[PDB]
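Residue numbers (the entry's author numbering), protein chains in the order written: chain N, 46 to 261; chain L, 1 to 200; chain F, 4 to 240; chain H, 1 to 202; chain G, 6 to 245; chain K, 1 to 197; chain C, 2 to 131; chain D, 2 to 60, 62 to 124; chain M, 30 to 241; chain E, 6 to 241. Don't be surprised by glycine CBs; every beta carbon is placed ideally from N, CA and C. Presented below is the structure to which this report refers.
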Amino acid sequence: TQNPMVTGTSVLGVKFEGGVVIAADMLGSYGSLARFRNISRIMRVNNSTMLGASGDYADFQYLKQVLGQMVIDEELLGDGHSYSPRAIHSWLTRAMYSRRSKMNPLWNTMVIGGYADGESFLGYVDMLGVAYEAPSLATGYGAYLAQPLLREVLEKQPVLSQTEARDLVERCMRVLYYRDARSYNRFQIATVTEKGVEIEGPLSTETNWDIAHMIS
Amino acid sequence: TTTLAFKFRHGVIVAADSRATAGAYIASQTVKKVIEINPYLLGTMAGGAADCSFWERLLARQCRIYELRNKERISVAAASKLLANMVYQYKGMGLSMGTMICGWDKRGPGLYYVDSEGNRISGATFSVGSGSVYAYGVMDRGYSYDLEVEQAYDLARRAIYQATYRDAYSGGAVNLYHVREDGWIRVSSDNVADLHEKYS
Amino acid sequence: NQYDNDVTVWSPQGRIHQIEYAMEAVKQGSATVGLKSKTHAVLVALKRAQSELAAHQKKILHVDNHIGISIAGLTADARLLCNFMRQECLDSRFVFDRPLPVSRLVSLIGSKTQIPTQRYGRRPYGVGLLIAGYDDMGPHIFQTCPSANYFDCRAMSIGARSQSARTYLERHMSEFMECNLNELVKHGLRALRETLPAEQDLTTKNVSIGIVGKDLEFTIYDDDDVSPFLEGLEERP
Amino acid sequence: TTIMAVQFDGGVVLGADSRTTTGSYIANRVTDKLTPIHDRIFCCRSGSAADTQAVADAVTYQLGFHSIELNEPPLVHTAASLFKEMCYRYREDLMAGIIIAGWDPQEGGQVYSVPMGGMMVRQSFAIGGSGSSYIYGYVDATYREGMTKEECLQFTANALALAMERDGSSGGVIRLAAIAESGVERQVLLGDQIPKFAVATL
Amino acid sequence: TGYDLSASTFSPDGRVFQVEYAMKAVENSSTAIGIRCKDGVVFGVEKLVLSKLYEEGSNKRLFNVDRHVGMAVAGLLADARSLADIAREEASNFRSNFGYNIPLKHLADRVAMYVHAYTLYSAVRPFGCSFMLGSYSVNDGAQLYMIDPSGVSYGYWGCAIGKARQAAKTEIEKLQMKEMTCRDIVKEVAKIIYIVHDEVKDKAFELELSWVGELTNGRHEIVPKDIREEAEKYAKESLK
Amino acid sequence: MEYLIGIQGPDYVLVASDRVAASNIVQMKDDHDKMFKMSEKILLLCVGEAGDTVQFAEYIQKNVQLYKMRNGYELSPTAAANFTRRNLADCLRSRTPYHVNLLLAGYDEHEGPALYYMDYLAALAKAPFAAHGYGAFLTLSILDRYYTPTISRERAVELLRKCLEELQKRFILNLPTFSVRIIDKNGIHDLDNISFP
Amino acid sequence: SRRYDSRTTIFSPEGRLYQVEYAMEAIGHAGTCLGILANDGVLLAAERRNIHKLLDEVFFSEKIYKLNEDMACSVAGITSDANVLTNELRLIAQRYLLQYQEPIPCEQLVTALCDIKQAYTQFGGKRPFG
Amino acid sequence: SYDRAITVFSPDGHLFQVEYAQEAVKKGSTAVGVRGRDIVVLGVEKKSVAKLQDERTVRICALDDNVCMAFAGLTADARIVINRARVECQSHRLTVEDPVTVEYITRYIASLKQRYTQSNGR
Amino acid sequence: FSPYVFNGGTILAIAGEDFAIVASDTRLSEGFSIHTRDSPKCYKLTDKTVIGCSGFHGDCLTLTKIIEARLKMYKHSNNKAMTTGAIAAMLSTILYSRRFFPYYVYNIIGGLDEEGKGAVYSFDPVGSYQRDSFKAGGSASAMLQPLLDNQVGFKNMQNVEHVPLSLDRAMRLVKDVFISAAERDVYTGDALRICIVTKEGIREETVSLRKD
Amino acid sequence: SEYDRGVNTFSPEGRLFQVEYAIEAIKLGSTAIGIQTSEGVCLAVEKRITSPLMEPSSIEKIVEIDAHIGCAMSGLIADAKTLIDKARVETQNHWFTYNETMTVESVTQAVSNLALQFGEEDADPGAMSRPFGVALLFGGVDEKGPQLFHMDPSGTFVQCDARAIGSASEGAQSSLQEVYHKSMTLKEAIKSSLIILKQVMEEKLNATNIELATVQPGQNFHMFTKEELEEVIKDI
Ligand SMILES: *C(=O)[C@]1([C@@H](O)[C@@H]2C=CCCC2)NC(=O)[C@@H]2CCO[C@@]21C
Ligand SMILES: *C(=O)[C@]1([C@@H](O)[C@@H]2C=CCCC2)NC(=O)[C@@H]2CCO[C@@]21C
């Protein structure tokens with residue numbers, strides 16, 4: 046696509062001792078209009094891998110179709126080999142770079158999260174084929190507003206618990222609701238652990254508007 | 001870039017500078033602008049470094065194949081024609097090549113100018129590059145067909161030196177080659193600082 | 004006979020005679036043995052050529068850091084299949100950054116080999132393959148036939164007079180799982196010795212070995228490298 | 001253009017305006033923007049008239065063939081999927097916003113939105129077109145769960161009339177269709193049947 | 006006369022002998038059985054082991070064509086594998102175009118048409134395999150179809166393919182399968198397999214069992230090992 | 001800019017071209033030949049874009065000589081001109097157009113002398129005299145003033161000298177020497193170069 | 002495919018192309034055509050095999066065809082093959098007139114058609130023109 | 002397209018079609034060539050019809067200004083080969099700027115014939 | 030839509046008599062933001078060759094994968110590992126294959142030649158390459174190069190002994206030059222990854238640079 | 006009949022018919038001998054001259070593939086020209102891409118890949134209809150030293166120490182068995198090969214009816230001139 050039409054804002058990701066947590070709001074915007082308010086931008090790829098996307102929702106749905114079919118095709122063989130989060134990340138990088146090289150990009154920024162062999166995976170792919178790994182990730186405006194807080198926590202305390210990571214994600218979502226114009230108050234939280242992928246649905250943030258009375 | 005070549009009684013003289021530039025940044029001061037196609041045939045490079053290198057290496061491969069098939073060495077005219085035909089296929093696509101093909105064949109000494117625009121001209125004196133205008137004046141005021149070998153060497157060195165003095169995109173060292181009937185020799189590589197000492 | 008010249012013709016008995024004729028090519032070739040322990044996989048090949056000046060023809064080929072193959076039959080077909088397998092493994096590394104599982108490679112080979120057996124003017128691949136591999140499921144030995152059928156084996160010998168090697172392997176197969184590397188290789192060498200005419204023996208010249216395992220890339224031991232293994236091998240009965 | 005679809009227990013209600021414009025000139029003033037894709041499946045077309053007509057004809061062809069081969073009534077989701085495939089594949093070439101509404105025995109009454117770009121989402125009510133912008137607050141304030149067919153018809157007519165008052169590209173008559181298991185019922189609202197809202201006067 | 010060398014030739018009496026020779030290829034294979042009950046489908050294969058050097062799981066004759074669809078083959082295994090890939094591609098394409106899981110009747114029709122396309126020309130050879138497709142869904146129920154080398158697809162309540170098909174059919178007709186559960190069907194399948202096997206000619210065999218139903222949530226899978234071993238015990242007891 | 005001129009007489013054709021090959025502001029060559037020999041009695045004079053000139057001219061030359069080899073006789077000037085126009089016109093609307101301006105001179109045993117003018121759009125005209133370049137603008141009126149159809153080749157060389165002298169007086173480009181050829185029933189003859197010290 | 006192939010474009014053990022010889026036999030049985038060259042002109046004379054009382058006269062001739070403004074031909078053998086070849090001859094002549102803007106010489110036209118007919122004896126697996 | 006294999010091997014190692022083409026050559030007119038010190042001499046046998054043949058446009063053919071050829075066998079095949087050789091001579095003049103060597107054109111013709119002994123449908 | 034973006038990064042290579050050194054910074058950035066602080070730009074090719082890539086990151090990743098595949102293919106066809114010069118020539122052809130839609134990558138190859146001496150090859154994005162003694166590439170190449178010209182090449186120095194370069198002095202010089210670069214270039218910082226190539230193999234070291 | 010079978014048909018014994026028939030064509034050609042020594046590779050072939058009017062200098066049975074690789078051919082010599090052109094192009098492409106010389110084994114493998122690429126259908130236009138009727142001996146010097154390789158129409162290539170191909174291969178091979186040792190010098194190899202060639206040739210060996218070439222470390226591919234040939238012939 047050359048012009049995105051219906052888009053999603055920012056996706057957040059943090060790894061903790063024993064898994065990964067990913068968060069995204071449930072809004073699809075048609076320009077400045079909050080048009081589709083109940084859409085899910087997080088996907089369960091397989092028991093170890095989950096995916097979240099920002100950008101063109103139609104391109105995201107195409108990718109969900111292709112990835113789901115690939116997973117089903119692998120499970121038909123029954124040979125005891127599955128795709129790791131890292132392999133899905135590499136396949137996504139190749140797909141995006143191939144589309145960019147044909148001058149027909151997929152207008153998405155993707156976060157891949159996973160847990161395999163007692164190890165956590167968090168990966169970033171961009172529209173152009175820039176891909177990397179990090180202990181915390183944020184796309185879009187979250188790169189400016191959320192990555193500072195996450196990075197500050199991670200530099201001091203490099204290993205987190207599930208409780209701490211979830212609390213940090215909720216704080217960052219609140220900040221995004223305060224300062225991003227394309228944001229929505231309902232979000233979803235996906236977690237991958239040794240038990241697999243769990244998605245927690247419409248969650249809201251508690252806001253504070255006391256400074257409204259300080260305007261005078 | 002300054003490249004120069006002339007035919008005289010005792011053969012062909014080829015001379016070049018060694019400065020490679022990317023904008024106003026001097027990437028290199030030891031670059032090689034003369035390609036050795038075969039022991040009897042030389043080529044010069046001006047313009048796009050990658051273009052000239054790739055296409056003259058391709059010419060070298062084709063000339064070796066010619067020698068294998070026909071059991072005879074290729075002529076200068078045929079080699080220049082091959083290069084011109086090769087680069088005409090990519091016209092308008094943005095190739096920047098200015099080349100001199102020099103050698104000795106059954107017709108004697110040969111010197112041909114081939115550019116990416118499509119020109120293929122024979123001649124006795126040529127200069128290509130940014131500083132070619134400055135080299136032309138010195139070469140034209142000093143050139144004779146009856147030069148002695150040392151005189152020809154000195155003339156080529158002087159012309160490249162003056163070009164590097166006036167042109168911002170020329171400099172480094174003067175690399176000199178002499179094409180004779182039994183093959184080319186590497187004459188010298190002289191830094192222009194030492195030449196400034198000698199000429200001033 | 005009007006049924007034995009084309010691969011597209013069924014006989015009244017329900018057979019395709021061209022595929023059987025292609026299996027004859029594997030039966031004529033030199034013998035190879037393959038076996039697996041719980042940690043390693045070994046391919047032993049009987050190299051030979053036409054004359055003594057002619058160096059013994061290459062039977063064990065390197066496909067990937069975790070996969071190697073042994074050949075029986077038409078060598079040019081074997082090189083075609085080897086190039087196909089190498090390209091498939093390379094594409095898997097390019098796209099998924101992981102090695103290709105061995106079973107999926109054998110599936111791809113079977114798919115490639117079946118197509119020529121259904122089309123007019125084509126022929127089967129007159130090559131029999133023995134594949135040794137290591138992946139996340141352990142060590143594997145696979146057999147490939149010109150009929151496009153493939154087998155997952157505990158051990159296997161293919162080639163000329165390989166029935167005697169298969170007999171030896173069946174007798175001793177319960178030991179293989181608990182062996183170390185030298186013992187496993189010696190078992191394979193004894194099985195391969197079972198095919199030679201009674202006068203011939205195993206030398207450093209006519210034997211090639213190929214080993215893969217948990218922490219070893221596929222290695223081809225030929226010449227002096229095989230002397231460590233040929234040592235300590237009792238004479239034939 | 002203003003198109004709307006609302007789901008009730010046991011079916012759907014679709015509604016549209018009847019204006020075709022070439023700039024500021026009304027080429028057709030009684031057009032039908034509701035298209036029967038199958039017996040119990042309809043589409044509301046928004047955007048380019050030619051593009052939407054072509055896509056609708058192609059989907060009608062494909063769905064009829066599919067239903068003959070399977071010997072079953074088609075699903076509304078299948079029609080929405082065919083529309084989504086065509087609109088996503090030719091998204092650079094097409095200007096087509098579609099609403100697909102219908103009834104099938106397995107899932108009941110269903111409403112799907114295929115906006116420009118080729119995404120597909122199931123909604124309880126869907127609105128589209130250029131006039132849809134002016135009625136977003138009204139539908140959010142007035143929509144309630146468990147409406148009946150008659151309440152859905154009244155709600156859709158009210159919304160379409162409000163949109164036609166404020167949009168220069170919407171107007172004419174109101175075309176309504178109710179789809180249930182018993183079939184399709186179609187209505188036209190013209191003149192004094194169109195709901196009226198008092199205009200502020202000083 | 007050469008009326009039997011091409012699939013594009015009729016004989017004077019109206020027969021295509023090449024397809025009949027492919028059917029002969031199917032009759033030489035070992036027997037596969039499929040039984041359908043109100044809640045599911047069970048597949049059983051007699052898998053001959055031609056040497057003890059072969060691992061357990063070599064030459065599988067049961068395939069997963071889709072997460073809800075399973076396949077049991079007889080005849081030439083390479084042809085069967087190519088057909089399994091064709092069926093998988095058909096199911097994938099159906100999901101990508103129409104957006105749901107392919108009905109079994111439609112899949113059988115498509116694959117049967119692909120098989121029939123090889124019975125018309127001199128340029129290609131007929132398939133030497135026969136197979137059964139089995140599926141379960143809530144809307145469609147339990148479905149069992151069989152396809153032969155000519156391209157005929159029929160729906161069944163119980164089906165047998167291969168060398169001992171008639172004896173197996175006789176045994177299957179003794180079951181009131183409509184009012185049976187999938188657990189009973191597994192034991193009956195194992196018993197029939199053990200009955201039709203000829204120990205004198207065929208040396209040794211494994212039992213390959215699979216099923217699809219509401220018990221499995223409409224997913225085709227291998228029968229769990231404990232159920233398989235219990236059924237084998239029942240079958241060996243019945244043979245005395 | 002390069003200069004071509006042609007004068008037709010009762011039994012001859014006289015052609016002249018300039019000998020300059022230029023790059024930017026420098027004259028790289030001063031003895032360049034811009035005349036191509038199609039056959040024993042046909043000359044092609046080509047100017048225009050670099051590379052296009054030699055490629056087009058040598059393609060035409062090769063096909064004309066192939067006609068001679070295959071059929072045992074030579075193309076007439078009219079047929080060669082029409083072949084040239086067909087090829088240039090066909091390539092005009094393709095992706096590889098040639099930007100060439102041409103003169104074609106010839107002698108036919110049955111039709112006599114012929115001079116043909118062709119522009120880069122592949123329009124073909126037959127003329128008693130013609131010229132190509134920026135210098136044409138300066139010398140066409142001199143030809144109009146002094147040309148008669150019954151002119152001898154001595155007088156034709158004199159008129160050519162007049163035109164070239166005018167180029168030396170009024171033209172801003174340095175065109176110091178010119179190649180001169182004549183075509184008659186005996187073939188192609190190289191005349192002396194016209195040089196201005 | 003191999004079983005049904007007639008193999009028209011191969012050699013016999015004596016170096017003969019058999020289909021060409023059989024087509025020559027076909028021509029030996031057709032109607033007579035003679036051509037005579039003079040100082041002031043040239044003529045063709047053919048015998049007409051369509052001599053039924055119920056036949057109608059239309060067109061210009063039965064066996065004489067006009068290829069150009071300056072050339073004509075007469076054919077012997079299979080009539081439909083002749084129609085094909087004469088259409089192709091007219092096409093070749095008009096293509097030459099387009100390329101050179103002069104009428105084609107006669108031998109060049111003959112050579113072009115004969116190249117076409119040689120092609121059918123060397124590759125393609127089709128029968129020659131009779 | 003027609004993709005049958007015409008030239009194949011026989012049990013004794015023979016290419017029968019090539020041998021039959023050699024028979025076709027054996028049926029043709031006799032040509033003799035002698036190489037002299039300063040000249041080269043080429044003689045052929047004529048099959049002449051009394052008074053009725055027109056030998057005005059007939060030439062022993064020329065590939066360029068410097069190479070001559072004489073053939074034996076099927077005359078139409080020879081015409082095809084001569085035209086291909088002439089096209090190659092013009093290409094060599096264009097690409098090398100020098101006239102051909104006799105061996106160059108002989109090599110081209112021989113490779114053309116070999117290609118026709120190993121191609122499908124010919 | 031622009032198919033390129035600038036992701037920063039500086040690489041450095043110094044050739045010795047018996048060693049090669051390839052160093053890089055580990056910061057990945059885009060615009061004014063930092064993507065990651067732990068992305069090295071040096072990749073091991075053989076036991077004797079290391080490559081350094083800077084520029085657009087997607088092109089860097091793709092080119093790294095392509096080069097690894099070509100090395101495996103060469104070993105299959107020719108039964109030996111590729112030499113440093115062969116790798117350089119192959120990379121030149123790989124770069125020119127994309128001449129009309131280039132790779133926005135700057136490449137420096139460092140390793141040992143067939144006599145055991147140090148070799149550095151520098152490339153431009155379209156495939157022109159040269160053998161050097163030292164070379165800098167990336168965003169701070171214009172800062173690093175003059176200092177190496179002075180301190181390794183002894184240029185503009187009068188009556189200074191041209192003592193051969195030692196591994197210790199080279200390591201100290203690399204550390205100092207990257208410390209100076211991180212002061213003035215905003216794209217350079219975080220950590221420094223140094224790879225030393227000798228006949229004993231490849232050895233890695235990491236040092237810290239300033240995080241602002 | 007000739008066309009009952011296709012070209013890709015197996016025999017009941019498991020061999021492709023056309024390949025066996027081409028190998029029989031190999032037996033009708035001239036005798037070539039190749040000897041490998043630590044000092045280099047020697048290739049000797051016989052020119053089969055049928056008439057005194059034939060100029061023996063136009064018979065090229067030994068060709069230069071590259072400065073380090075030469076080839077000797079036996080059988081249907083016209084078929085060998087395609088393979089040789091492929092070999093030359095492969096060596097030059099390798100030099101272009103990698104700036105180094107090809108190994109003899111790689112050249113032999115590249116040429117052997119063309120050997121079984123024949124068929125009728127499912128093949129591109131311009132594909133081969135039959136196998137090649139040539140046997141090739143490749144001799145060269147690379148970093149592994151002097152290498153000699155043998156290729157036959159089946160696509161099989163082997164490495165050999167001494168090898169004879171052609172009509173008189175069996176007897177010449179026996180003689181080579183008798184005379185070859187690992188410590189031979191190149192002069193001894195040349196003399197031994199000429200002795201065997203004299204033994205097997207139906208003519209009398211003089212300096213115009215044979216060809217000899219050598220490849221040595223440091224010196225390029227060398228074709229012996231008539232004078233050097235006479236110098237060697239004097240000893241025999
Ligand atoms: C010369 O023309 C020049 C050289 O960099 C270039 C590089 C080396 C071999 C070919 C010649 N090309 C350029 O773009 C710059 C600007 C002008 O001169 C250069 C230095
Ligand atoms: C509506 O969107 C509209 C209609 O013309 C068109 C009519 C037929 C069915 C599809 C919708 N499209 C347009 O371009 C004009 C401008 C705004 O709305 C239109 C009236």
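Measuring only the C-alpha atoms, how far is residue i from residue j?
i	j	result
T39/M	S83/M	7 Å
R222/M	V55/H	57 Å
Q123/H	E165/H	25 Å
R175/H	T78/H	25 Å
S146/N	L96/D	40 Å
Does the separation of the CB atoms of residue i and residue j fall below 7 Å?
i	j	result
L124/M	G87/M	no
Note down, in chain order, every chain K residue with its Cβ under 7 Å from the Cβ of residue i.
i	result
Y101/C	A79, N82 and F83
Could you tell me which residues DSSP puts in a beta bridge with residue i?
i	result
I41/H	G102/H
Problem set entry | Selection of the segment 136-157 of chain M by Cβ proximity to chain N, strictly under 9 Å | Those would be none; no residue qualifies.
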